[PDB]
Structure formats: C-alpha cells, structure tokens
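Trainee: Got a structure for you, questions after.
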Amino acid sequence: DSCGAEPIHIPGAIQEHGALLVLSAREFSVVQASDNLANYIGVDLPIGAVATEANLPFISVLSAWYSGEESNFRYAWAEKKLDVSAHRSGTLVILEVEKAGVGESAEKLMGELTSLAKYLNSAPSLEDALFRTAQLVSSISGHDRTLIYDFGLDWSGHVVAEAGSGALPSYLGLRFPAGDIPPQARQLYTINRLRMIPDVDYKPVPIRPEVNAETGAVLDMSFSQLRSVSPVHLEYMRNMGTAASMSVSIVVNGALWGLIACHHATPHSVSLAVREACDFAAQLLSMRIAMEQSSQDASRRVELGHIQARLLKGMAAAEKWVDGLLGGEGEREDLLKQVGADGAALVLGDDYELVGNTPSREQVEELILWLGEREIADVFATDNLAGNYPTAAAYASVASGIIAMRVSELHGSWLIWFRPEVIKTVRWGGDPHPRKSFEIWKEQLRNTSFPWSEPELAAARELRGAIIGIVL
Amino acid sequence: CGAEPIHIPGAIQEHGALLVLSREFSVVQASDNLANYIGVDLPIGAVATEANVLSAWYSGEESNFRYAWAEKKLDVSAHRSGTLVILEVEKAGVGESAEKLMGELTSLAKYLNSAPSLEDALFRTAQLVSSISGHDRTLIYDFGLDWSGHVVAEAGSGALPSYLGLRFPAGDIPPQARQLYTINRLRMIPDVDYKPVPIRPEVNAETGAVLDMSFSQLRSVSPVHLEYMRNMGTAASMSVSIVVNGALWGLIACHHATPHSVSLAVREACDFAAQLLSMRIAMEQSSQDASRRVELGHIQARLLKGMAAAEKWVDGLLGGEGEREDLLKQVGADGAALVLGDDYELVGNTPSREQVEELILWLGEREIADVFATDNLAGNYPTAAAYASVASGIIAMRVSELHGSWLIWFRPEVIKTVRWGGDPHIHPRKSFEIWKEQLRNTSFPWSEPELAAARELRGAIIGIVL
Ligand SMILES: CCC1=C(C)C2=CC3=N/C(=C\c4[nH]c(/C=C5\NC(=O)C(C)=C5CC)c(C)c4CCC(=O)O)C(CCC(=O)O)=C3CCN2C1=O
Ligand SMILES: CCC1=C(C)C2=CC3=N/C(=C\c4[nH]c(/C=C5\NC(=O)C(C)=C5CC)c(C)c4CCC(=O)O)C(CCC(=O)O)=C3CCN2C1=O
C-alpha cells in the first residue's frame, strides 16, 4: 500500500486561514512560526524573540494554563480581533490564531444543542438519531451536504444519514472503499476529532525553520487545527467537486465509529464557536450510538442466554445428552436460534444429524474434510464460506455462512451452524493517485450470508465447552 | 408526611410572577405581584394583545418556551398545563455569556465521553455546576433502594459544612417530592424566608380545579422543608434531578449560607450537565453490569456442563474443589447449602445444619414464586441474628415442585460505619451533626446479574429433578 505511507501529521505547513507560532515552554521564546504569522499577529515576533505583555497580552494566562492540568487553551484577543487556541506538544507550546468570526450568537447555538441533547436522550431509533444530528450540523455549519459515514470491519464506510441544500449530489446509502480514509488518517482522527478545509485550492503556508532548535526534529502537528492536508486528498476533493470540507470524528469506546462529514460546491469557512458546537454534537451522538449499540447487544446476550439455559437443562435432564439439542421440535428450534441459524449439522464420527436447512451429508462430509485442514483453536466462522472454500458455492443458497465447531479433542465430531446466501445490491459510487468518477457503481453480493453478531459467536463458544465437557 | 400535596399550593415565590392563559389567550389566573413585573394591568378575564412567537410555539411540538424580553430586562418561560398555558416571568440575570457556558459543557461532555472512573465523573460535574452557579456547596446525592441518599461528590467555597460521604434518610425527600422531581427535574429556592405570593382566583374558570403547578419553576415550596433548610443553615437552594432510564438516580444539590438567585440560562446549563452525567452513570452502570453477566455466564456454563457429564447430577455442584468454588462464585456467595429432603450438603461458610433446617422451616411459611433474597435476613427472621457473622445475606431458592429440596446461598455480615448527619429515627430535625452508627446483620447487597444467575440455575436444577 503506497496510500498508508504519507506522514500527514508533519507536513511543516499550515492552511492560509490562520497562523501558527511555536514557543519553548521554559522562557516562552519563539522557536518556529508560519511565514504568514506577521500578517495576523501584526508584529515582529520572530525566531529567537521572547514573548512579553507587549508581544502577547494573554502571556500571563497562557503561562498559568501551561502549569495547569487543562489540555487546550482559548483566549479571544479583542485588540487584534483574533481567536487564539494553543495545545501542548511535549516541551513545546503550539499556538494557532485565526480572525475572530463576527455575527455568531451562542444563545441560539446553545438552544439548538439543548434540543439535540434532549432528543437523543429520549431514546429514539439509531437511524432517527443519525439524521437529526446530520440535520443540526447542516443547520449551524451551512454546508451544501452534511452526510454521516459509519465504518464497517474492512474500514470501508456506508453513508447512513445525509442533509443538503441539494447543491451537491446525494451519496445517501452508497458505500466507499477503506482506501478513501487510509489507516494513518483513521488513527489521527481517533485522537484529533475535527478537521476543516475551508478552501481546496489554498496555497500551503510554510513553517520556518523546518527543524525546531529545542527538539532538533520536525514539529508534530497532530493536534494543529491549521495543519496543511495531504495533496492526494485535496485531489480526491477536486475529483468529487467539493471546494470546502469539515469532518468531525464520531468515537465510541475509543474506536473511530464514523464521521460527520460536511462538503461545499464553493469555498466555505466556519467559526470556532460553530466547529466547537459540531464536536459537541458528535460527542452527544457518540453517547447515543454507544447506548443503543449497548442495550441492543445487552438484550441479545439475555435472549441467547435463556436458550443456552434450555439447551444445557435438556442435555443434563435427558437419558442421551444429544437429545437435549435434537430431542423435540422445541429443542431442535433452540439449537438453531442459539446463533440465529437456519440449519445445524451435529456430526459424531459417522453419526450425522442435520437440522432445518443444511447442505447434504455428502456436502458436509466434504466440508468437515476441509475444516480438518484449518487451524481452529476456538471455532471457525464466516459469512462468505465460498470465498474460503470455492467448492461450497455449489450450496451457497443454503450455507454462505457457517459457524463450524469441533466438539471433541479427538477430531471427527463437530457442530456446524448454516446460514443462507442473502443477495443484496451494493451501490459504491466508485470501485475497488485518487479516482475521478464517483458515479453510482452497482454490484450484487453473492455467496454471502447475514453477518455473525459477536453475542452469537460468544453463545456458540460457550455451548462448545458444554458439549466437549459432556463428551469427556 | 407523604400526604401533603406540594404541587398545588396556589402560591409562588417572590422572585418571579405567574400568569395563566386559556386558544383565545385570555388571563384566567395570575399571582398578586404580576402587576409589579409585567408593569401592565392585564387582569382576570382580559384577552392578551401586543400592548398588554408564543402563538407559533403553542401550535408546535416544543414542550417549553423561552423569550428574553430585553426592553423590560426580563426572561419569559412558559409550559403547557392541559388546556392552560402557565407563563412565568423573572428578572433576567445580567452579565452572563452563553459562549462561556457552551465552552464549559463542551469540555464536560468530551471528558465524560473519555471513559473516566464514575467517581471522577461525579466530581468533575459537581465542580462545573459549582463554577457556573456560584453556590457555597454543590453536592451530588445518589439514592439507594430504600430512597435514603449518600453524598457521593461535593464542591464548595467552604462557607457551608462538608456532607461528602454522609447518608440522609428517605424522609428528607418524601415520596411525592421524589415523584415530582422525576418529571420536573429542576427547582430553585433563592431565599428561604420568602413571603408566599398568592395566585387568584384559587379555582381556575376553564378547568374548575386548583392550578396544578407541577412544572411551575416559581411554585411555593413546603413550609416543612423551608424549616429543614433553616435548621441546616441554608438561605438558598437549587436541586437538579439526575435521571437514568426514566428512574430518579440522584440530585445535583447546590446550597448557600446567604440568599442567592441564578439565571434561567445557568439553571438550563446545570440541567444539561445533569443529563451528560446521567448518560455516563448509565454507560458505566451498563458496561459494568455487562461484564458481570459474562463472568457469571462462564460459571453457569461450567456448572451445567458438570451437572450433565457426571453420574449423579448433584456432583456437578459439590463434586470437586473447583465445582464447590463455582457454586459459590455463581452469586458471589461465601457459603451454599444444597438441601434434598433430609440430605444436606453445606459448602464454604454456612450456618449449622440445625440452623439451616430452622431457616428452611421459615422460608416454607413465606411463599417464593421466584427466589427469596435479602441483605438483612435478621430484619426478616430475627432468630438468624444468632448467625449474622456468616449469613446476613441469603439467596434462598426451592429447587423442585415437590417440597423439601432447596439451594440457599449465604453471605456474611459486613459491619460498616454509617455517618448520617442527623438522627434519622411531623416537624424536621434541628441537628445535622455527623451521627455515627455501626450497621450490623447486613451483608453486601445482591446485584441484579447475581439474582438473574440464580433464577437461571434454579430452572436447570428443577428441570434435571424432572
Ligand atoms: C462520501 C464519504 C466520505 C468519504 C469517503 C470521505 C473521505 C475522506 N478522506 C479523507 C482524508 C484523507 N484521504 C486521504 C488519502 C486518500 N484518499 C483516497 O481516496 C485516496 C486514494 C487516498 C490516497 C492515500 C488522506 C491522506 C486523507 C487524510 C487527509 C489529511 O488530513 O491529511 C477525509 C477527511 C477530509 C475532511 O473532510 O476534512 C475524508 C472525509 C470526507 N469523506 C466523506 O465524506
Ligand atoms: C443532604 C442532601 C440533601 C437532602 C437530604 C436534601 C433534602 C431535600 N428535601 C427536599 C424537598 C422536600 N422535603 C420535603 C419534606 C420533608 N423534608 C424533611 O426533611 C421532612 C421531615 C419532610 C416531611 C416529612 C418536601 C415536601 C420536599 C419538597 C419541597 C418542594 O418541592 O416544594 C429537597 C428539594 C428542594 C430543593 O432543594 O430545592 C431537598 C433537596 C436538598 N437536599 C439535599 O441536598
């Protein structure tokens, strides 16, 4: 992968819309600065120069912030009509200024986020919540489009919500490949959960010197708001037909879950106040995504537990243990519901017992012959068995998904769950330098079952213990 | 005590005015002081005109209303009360910035979401509310089952005493108060010695009944509580209900040595804080409870595996060292007794056979459709104070349809010093000086994943007996 290579956190440049000034913590002496710094601060505060009241009036407050626990800094510099925002970078203090947006009212913004927060807290459907948020951010940002983007496992992403003036195309329901947000980007966005690109064709403003005197290494601009972005992405943006962007990371249990991602046909900047409202929205949404994702997963483990109980009760109470699973109509229905499967095969040497919708004995024999040649210390699972075992495309209709599970130490006894092919049309807007066309690219997904939930596998892992234990 | 209806006192505090409109927008009821604030005659019967947004709010879904009346320097805040519109005005707190408040709640929300210890979260919140309210003390108060409360966090100028760690009796916030505060999650008393401002008429024309002031911010409070406040040495208060999944979990409770009022804007920032904290309390309370069901599941698995594999089913529980250890860990118990008629099997730390026999004789007289449980068996069965040291907590459980077979879990007395700040054992009490006691005959409380693990195992046993 050439994509993942580029180090995006140390480009030694900023965008034009602000200025960057590096101080050494000791005596607050200017080590590095953007070339444009002179234009904004409006002073000769150059390399080597030590910061005093007459340079930075907020120096006392900055000093007192550095000594304190607080991680970031904000000061509204009335006299120059600027907003100052500083983070710490080891022994360094990175300090970013940009022109203080007029016209915003915080009493409106507060009223609007009081509403979202109160609504999200009134447990609504995950989809309803997703949109409401996308809608609020579209309102206060004023972006042509405000889509929400939920990552899957493969780190491809599905546009799950959208909100737009209709100036830019509808991407709602389209999936994009993982390569569009590469691993380093993902990593950064998990710790720095907001980036704004107000003009795509901005000319990078260099930071001099390139190498910091005090550290003797490139300035890590991971948490720099003004950080100049990957030229390759500025191209991706052009291809798409966006002149402006602003993403906001949705993070649930320290995992990048998705992005709130605004776009604009023409260049478009957004106030500090409004960016700080969108971060708050992204947090509130992230708290909901977790509570939904949680209480949903919670109810599932309970529902699968009640089953595992009935299967273990039956396996203990009955004369032959096997009849706890296959004994009656209810038992054989539990065995299947225990992982939400359509079919099950309980092999015990040369003693096959098929339940529900399975492939034939001869097909399962040949399946077990191939599971024998894998490394399965836990349980084998897949929602595309065809992709692993090409010969099992012949019975895709009935088994595209299996949870295979050996139920001894000595091989030749198994419990496999089967799950049928679910065809679904996938609309990419793209395909498998960046790509020029995002025209809705279709495909039917074959030989692929409904995906195995983690409470389902965990219910299976358990039952295996129980069976393996009764066999001994 | 629970009797007195605190939602229909037909009076307001002095710090605002209340005006009831019927939609012809006609004045039905008003506080006596209304004239002083609005500065207009707008009397009983009178229909509202410009000289005398709200219209568009009434037609809309939105439940509450806010308009900052710049010209008179007032905040207007209206709720709906059936066919009525209750409308409350008070003097707009000056100087305040919403850009600050937003910045402060952006921080808290981002911090709470950065999964910190429940205690850390509790304090940070109490600290933020202490900052924007400017109250002498800003304690957080977590209800138990008995509806007594434990002060779990605090933040103060040090003007008023530290109640951190002290428990208060349920009688301090009586059932009707609790009920109201679960639906109206905010109340402010800016001056304890306020003179109640009457609402006239006492009987509303449109409804023909006393004005339900459940959601009235200005509602005059129980004289008995104004006394409790005096006894405590507080002139001012402001509570904010912490509600988690529709259940009143606790209160953010600010106090002041001298009278002290707080803007609508700042009260609405503290409600937001209480919500953000409530979302954390749920996520912690959830992912904790989640890990517990998994840990107890892995056990229930081993117990059911053993009970199926072994020759006699009973040996799945008491067979070996590991099995006997699982049986106990299945509810985090120190002891277990598996009775099967006249066939006792004691595990870990239990009371004697003769003591359990006599225990089972009393559980027979109780009626247990689920499982019997308690962390104060002494309080239910006085004679089992004799073996409190070993069984202050039991999960008793009948393990057949045919009587005479049981599975009881034992849990030992945990002595703990309880600091009350008041004798909790009607007029209110004058002294809130740290009142100590050793709490006896009481085990560590039974978690809900523990009982649920027990409920399960019973099914399994009762099923193998058939
Ligand atoms: C339709 C849904 C959607 C997608 C798929 C999407 C993509 C997206 N890519 C972004 C970032 C990057 N893409 C790339 C690189 C690539 N993207 C590609 O598609 C390809 C081929 C590359 C080459 C490695 C890089 C390095 C970055 C990090 C830029 C930086 O901060 O320095 C970013 C972050 C840019 C932003 O919005 O500020 C996005 C967000 C915007 N966005 C969307 O709304
Ligand atoms: C140390 C922790 C703590 C406690 C224990 C506490 C008590 C408290 N009592 C409150 C309310 C009431 N108590 C009572 C009644 C009693 N309080 C008592 O102590 C006693 C004996 C009674 C009657 C039996 C009533 C009716 C009310 C409802 C007042 C209203 O909503 O108008 C209220 C809510 C009233 C408020 O504070 O604004 C509180 C909150 C303040 N507060 C605390 O911070």
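Here, A, B, ... name the chains of the structure tokens in the order displayed, residue numbers run from 1 inside each chain, and ligands are numbered from 1 in the same displayed order.
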Ligand 1: which residues are within 6 Å, counting only C-alpha atoms and all ligand atoms? Reply as a list in words.
Mentor: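 Sorted by chain and then by number, the residues are residues 3, 4, 8, 176, 179, 180, 181, 182, 185, 195, 196, 197, 229, 230, 232, 233, 236, 245, 246, 247, 261, 433 and 434 of chain A.
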Trainee: May I have the residues of chain A within 6 Å of chain B, counting only C-alpha atoms, written as an NGL selection string?
Mentor: :A and (106-107 or 280 or 312-313 or 316-317 or 466 or 469-470)
Trainee: For residue 441 in chain A, which residue among A:425, A:269, A:453, A:400 is the nearest when counting only C-alpha atoms?
Mentor: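 Checking each candidate against residue 441 in chain A, we get A:425 as the closest.
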Trainee: If you run DSSP over the backbone, which residues in range 240-297 of chain A end up helix (DSSP H, G or I)? Put them as a PyMOL selection string.
Mentor: chain A and resi 240+272-297
Trainee: What's the 10 Å shell around residue 339 in chain A, counting only C-alpha atoms, without same-chain residues fewer than 5 positions away, as a PyMOL selection string?
Mentor: chain A and resi 304+307+334+344+403+417-419+452-460
Trainee: Quick one: residues within 7 Å of residue 198 in chain B, only C-alpha atoms, excluding same-chain residues fewer than 5 positions away - as a PyMOL selection string?
Mentor: chain B and resi 10-12+31-32
Trainee: Give me, as a PyMOL selection string, all polymer residues having an atom no more than 9 Å from residue 416 in chain B, counting only C-alpha atoms and skipping those fewer than 5 positions away in the same chain.
Mentor: chain B and resi 437-440+442
Trainee: Could you write out the selected residues, including C-alpha atoms, as a compact mmCIF listing (two decimals), in the first residue's frame?
Mentor:
```txt
# COMPACT_ATOMS: atom_id res chain seq x y z
CA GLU B 437 -23.54 4.02 63.98
CA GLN B 438 -22.13 0.53 63.16
CA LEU B 439 -24.57 -1.22 60.74
CA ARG B 440 -24.95 -4.87 61.83
CA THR B 442 -26.36 -6.60 56.89
```
Trainee: Which neighbours of residue 237 in chain A fall inside 12 Å, counting only C-alpha atoms, when residues of the same chain fewer than 6 positions from it are skipped, and could you give them as an MDAnalysis selection string?
Mentor: chainID A and resid 180 197:201 229:231 243:246 262:267 434:438
